[PDB]
Amino acid sequence: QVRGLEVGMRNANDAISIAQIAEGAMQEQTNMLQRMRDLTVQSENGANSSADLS
Amino acid sequence: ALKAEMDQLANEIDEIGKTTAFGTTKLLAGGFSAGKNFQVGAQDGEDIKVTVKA
């Protein structure tokens with residue numbers, strides 16, 4: 001039991017590592033989506049022309 | 001003589017009508033006769049319409 005609990009805590013820390021990497025990756029994706037939202041709101045401007053839209 | 005000056009004034013009224021622009025888009029020629037929308041809020045549909053006739 002003692003030896004198994006030691007190895008199990010090692011596995012639990014491995015799981016925390018995986019979750020932490022993935023969760024940190026999703027933050028930059030959120031950030032870029034916010035930027036695209038601003039660009040889309042800026043497209044709704046009756047003074048833009050086709051070059052500005054491009 | 002009176003009519004010659006009237007004709008020159010009508011020519012300048014027409015020139016102002018066709019020449020006025022915002023950069024390169026014309027304003028008094030009929031392109032805003034059905035207005036253009038500017039989104040003035042954060043959500044879709046929150047916008048104001050600007051209408052100018054020729």
# chains A, B, ... in the order shown; residues from 1 in each chain; ligands from 1
$ residues_around --residues "region 47-53 of chain A" --least-positions-apart "3" --cutoff "12 Å" --atoms "only C-alpha atoms" --output "number ranges by chain"
A: 39-44; B: 21-27, 31-32, 35-39, 49-50
$ residues_around --residues "region 2-14 of chain B" --least-positions-apart "5" --cutoff "12 Å" --atoms "only C-alpha atoms" --output "number ranges by chain"
B: 19-20, 28-29, 54
$ select_by_dssp --residues "chain B" --states "alpha helix (DSSP H)" --output "JSON, numbers by chain"
{"B": [2, 3, 4, 5, 6, 7, 8, 9, 10, 11, 12, 13, 14, 15, 16, 17, 18, 19]}
$ atom_distance --atom1 "CA of residue 51 (chain B)" --atom2 "CA of residue 46 (chain A)"
10.7 Å
$ select_by_dssp --residues "chain B" --states "strand (DSSP E)" --output "PyMOL selection string"
chain B and resi 21-22+25-26+36-39+47-50
$ write_last_selection --atoms "C-alpha atoms" --output "PDB file, in the first residue's frame"
ATOM      1  CA  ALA B  21     -15.698  63.172 -51.445  1.00  0.00           C
ATOM      2  CA  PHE B  22     -14.397  61.396 -48.353  1.00  0.00           C
ATOM      3  CA  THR B  25     -15.894  57.912 -52.183  1.00  0.00           C
ATOM      4  CA  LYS B  26     -18.429  60.415 -53.490  1.00  0.00           C
ATOM      5  CA  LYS B  36     -25.162  53.258 -45.049  1.00  0.00           C
ATOM      6  CA  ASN B  37     -24.994  51.706 -41.587  1.00  0.00           C
ATOM      7  CA  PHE B  38     -22.313  52.268 -38.962  1.00  0.00           C
ATOM      8  CA  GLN B  39     -22.281  49.799 -36.074  1.00  0.00           C
ATOM      9  CA  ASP B  47     -26.245  50.803 -35.590  1.00  0.00           C
ATOM     10  CA  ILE B  48     -27.137  54.176 -37.111  1.00  0.00           C
ATOM     11  CA  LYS B  49     -27.970  54.963 -40.743  1.00  0.00           C
ATOM     12  CA  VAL B  50     -26.598  58.011 -42.593  1.00  0.00           C
TER      13      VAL B  50
END
$ atom_distance --atom1 "CA of residue 16 (chain B)" --atom2 "CA of residue 52 (chain B)"
14.4 Å
$ decode --residues "chain B" --atoms "C-alpha atoms" --output "short mmCIF file (atom, residue, chain, number, x, y, z; two decimals), in the first residue's frame"
data_model
loop_
_atom_site.label_atom_id
_atom_site.label_comp_id
_atom_site.auth_asym_id
_atom_site.auth_seq_id
_atom_site.Cartn_x
_atom_site.Cartn_y
_atom_site.Cartn_z
CA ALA B 1 -24.77 89.20 -69.54
CA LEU B 2 -27.07 88.33 -66.63
CA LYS B 3 -27.73 84.88 -68.08
CA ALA B 4 -24.03 84.18 -68.70
CA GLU B 5 -23.36 84.65 -65.02
CA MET B 6 -26.36 82.45 -64.12
CA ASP B 7 -24.92 79.65 -66.26
CA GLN B 8 -21.51 79.87 -64.62
CA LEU B 9 -23.16 79.62 -61.19
CA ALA B 10 -25.16 76.56 -62.23
CA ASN B 11 -21.93 74.96 -63.50
CA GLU B 12 -20.30 75.51 -60.11
CA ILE B 13 -23.33 74.02 -58.32
CA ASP B 14 -22.94 70.92 -60.51
CA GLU B 15 -19.19 70.76 -59.86
CA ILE B 16 -19.67 70.84 -56.09
CA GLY B 17 -22.31 68.14 -56.53
CA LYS B 18 -19.97 65.75 -58.33
CA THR B 19 -16.68 66.62 -56.61
CA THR B 20 -17.34 66.29 -52.86
CA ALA B 21 -15.70 63.17 -51.44
CA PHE B 22 -14.40 61.40 -48.35
CA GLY B 23 -11.02 60.37 -49.69
CA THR B 24 -12.21 58.70 -52.88
CA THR B 25 -15.89 57.91 -52.18
CA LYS B 26 -18.43 60.42 -53.49
CA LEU B 27 -21.00 61.84 -51.08
CA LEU B 28 -23.42 64.06 -53.03
CA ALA B 29 -23.84 61.98 -56.19
CA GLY B 30 -26.40 59.42 -54.97
CA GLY B 31 -24.31 56.70 -53.31
CA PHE B 32 -25.84 57.41 -49.89
CA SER B 33 -29.40 57.87 -51.19
CA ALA B 34 -30.23 54.63 -49.44
CA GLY B 35 -28.19 55.15 -46.32
CA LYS B 36 -25.16 53.26 -45.05
CA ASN B 37 -24.99 51.71 -41.59
CA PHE B 38 -22.31 52.27 -38.96
CA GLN B 39 -22.28 49.80 -36.07
CA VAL B 40 -21.97 52.04 -33.02
CA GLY B 41 -22.27 49.32 -30.36
CA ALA B 42 -20.71 46.03 -29.37
CA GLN B 43 -23.54 43.75 -30.53
CA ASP B 44 -25.04 43.10 -33.94
CA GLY B 45 -27.91 45.35 -34.96
CA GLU B 46 -26.89 48.33 -32.81
CA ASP B 47 -26.25 50.80 -35.59
CA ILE B 48 -27.14 54.18 -37.11
CA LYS B 49 -27.97 54.96 -40.74
CA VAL B 50 -26.60 58.01 -42.59
CA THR B 51 -28.61 59.12 -45.64
CA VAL B 52 -27.62 61.75 -48.21
CA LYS B 53 -29.48 62.37 -51.46
CA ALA B 54 -28.00 63.71 -54.69
#
